[PDB]
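[1] Got a sequence here, can you model it:
(one chain, ligands or ions: 2)
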Amino acid sequence: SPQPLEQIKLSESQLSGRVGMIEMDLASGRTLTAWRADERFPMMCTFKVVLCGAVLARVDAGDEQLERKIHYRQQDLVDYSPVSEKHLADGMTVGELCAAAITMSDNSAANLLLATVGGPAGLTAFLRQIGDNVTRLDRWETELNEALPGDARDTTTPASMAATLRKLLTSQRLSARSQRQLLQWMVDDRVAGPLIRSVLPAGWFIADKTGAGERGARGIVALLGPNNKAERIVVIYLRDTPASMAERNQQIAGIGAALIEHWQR
Ligand SMILES: OC[C@H]1O[C@H](O[C@H]2[C@H](O)[C@@H](O)[C@H](OCCCCCCC3CCCCC3)O[C@@H]2CO)[C@H](O)[C@@H](O)[C@@H]1O
Ligand SMILES: CC1(C)[C@H](C(=O)O)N2C(=O)C[C@H]2S1(=O)=O
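    Residues are numbered from 1 along each chain as shown. Ligands and ions are numbered 1, 2, ... in the order given. Sure, structure below:
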């Protein structure tokens, strides 16, 4: 593999699309590798980590319980609801909805949680509350995936998302139990986690959330490190590429491979 930045540049030229990336030290917040870190990219389902953070904040404040069972109707369901479509009769707990959102990319589960935090405007208010003045959510699932060229709606930057993920997981803004829960949901990802593990060398920790949208939009937010320890936050977004899903996945994997190959720096 080339140097990480070398590989990122190659990925851009090969995809004919824009890549944004940050590698951040989890412990200190130091930015190690950065590419288009201040440019905007659609969040897609990566927003669900921030969403579940806002839910956990309500739990901490006594305004919510993970145990609380939410009942919903078929008319509330949107496109891609692999878990929520199964529970029209018996409902789902807030915690279950969070797990389905993060680990399964369940879009209806995400919308149900989004309602509880005051919709996109409420989640954006939460982001401002934790010191993120850049990330914004404007729409619900699935319109938030539209990824129109130059549209600032439903976007983050690699640098803002990495800082925000660090704040949620480690800054003690969330309670100890809530920090642990948010991490565990990411550890439990069923969309990409097991596939990623299958191609990681022995000893590499992974926790993640993925997303996909229109016009080639693709993304991952992850915790990664050797010696079975979450050492770094890695955030990678792609936008405005006509490439196959397979090649988008392969390019993101290649950036990851470059980071692993050139880890010690
Ligand atoms: O010398 C370091 C390592 O180099 C290779 O590991 C390869 C591995 O065989 C390959 O499958 C992976 O592809 C990359 C797959 C990573 C998954 C995507 C990463 C995601 C999640 C984390 C954030 C970025 C995106 O690269 C590494 C590094 O070259 C060797 O196979 C392995 O024995 C050795 O320990
Ligand atoms: C699983 C996905 C490819 C993708 C993912 O998590 O990779 N999710 C979203 O952002 C919506 C769902 S999806 O498009 O079905």
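[2] what does this structure have sitting close to ligand 2?
    44, 45, 80, 105, 107, 191, 210, 211, 212 (Cβ under 6 Å from any ligand atom). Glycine gets a C-beta too; all of them are placed from N, C-alpha and C.
[3] burial measure for the first one, as a count.
    Think residue 44. For residue 44, the count of nearby residues is 26 (other Cβ atoms under 10 Å).
[4] What spatial separation is found between the most centrally placed residue in the chain and residue 250?
    Centroid-nearest residue in the chain: residue 46, 2.5 Å away (criterion: Cα atoms, centre = their mean). From residue 46 across to residue 250, the span is 19 Å (Cβ to Cβ, to the nearest Å).
[5] and what of residue 40?
    For residue 40, the distance to residue 250 - Cβ to Cβ - is 24 Å.
[6] So between the two, which is more surrounded?
    The residue with more neighbours, out of residue 40 and residue 250, is residue 40; 23 against 15, by other Cβ under 10 Å.
[7] does that one really touch residue 153, like I thought?
    No - assessed by Cβ atoms under 8 Å, residue 40 is found out of contact with residue 153, at 9.7 Å.
[8] my guess is residue 187 contacts residue 194, does it?
    No - with contact defined as Cβ under 8 Å, residue 187 does not reach residue 194; the gap is 11.3 Å.
[9] Show me which of these two is the more surrounded one.
    residue 187 (16 against 10).
[10] Now the residue nearest to that one when sequence neighbours are not counted: which helix or strand?
    In space, and not counting its chain neighbours, residue 187 is closest to residue 207: 4.5 Å by Cβ to Cβ, 6 or more residues apart in numbering. Assigned by DSSP states H and E, residue 207 belongs to strand 205-212.
[11] what does stretch 63-74 rub up against?
    55, 58-59, 84, 88, 91-95, 97-98, 108, 112, 116, 181 (Cβ atoms under 8 Å, 6 or more residues apart in numbering).
[12] repeat that with 10 Å
    Residues from elsewhere that reach stretch 63-74, judged by Cβ atoms under 10 Å, 6 or more residues apart in numbering: 54-59, 81, 84-85, 87-99, 108-109, 111-113, 115-117, 177-178, 181.
[13] now stretch 191-204
    45, 102-105, 186-187, 189, 205-212, 220, 222, 224-229, 231, 249, 252-253, 256-257, 260, 263.
[14] overlap in contacts of residue 187 and residue 194?
    residue 206.
[15] residue boundaries of the strands in this protein?
    Counting by DSSP state E, the chain has strands at residues 18-25, 31-35, 41-42, 69-70, 92-93, 155-156, 205-212, 218-225, 232-239.
[16] Distance to ligand 1 added to those, as TSV?
    Below are the strands of the chain laid out as TSV (distance: least, Cβ to the nearest ligand atom, whole Å):
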stretch	distance to ligand 1
strand 18-25	8
strand 31-35	11
strand 41-42	15
strand 69-70	31
strand 92-93	28
strand 155-156	16
strand 205-212	6
strand 218-225	4
strand 232-239	4
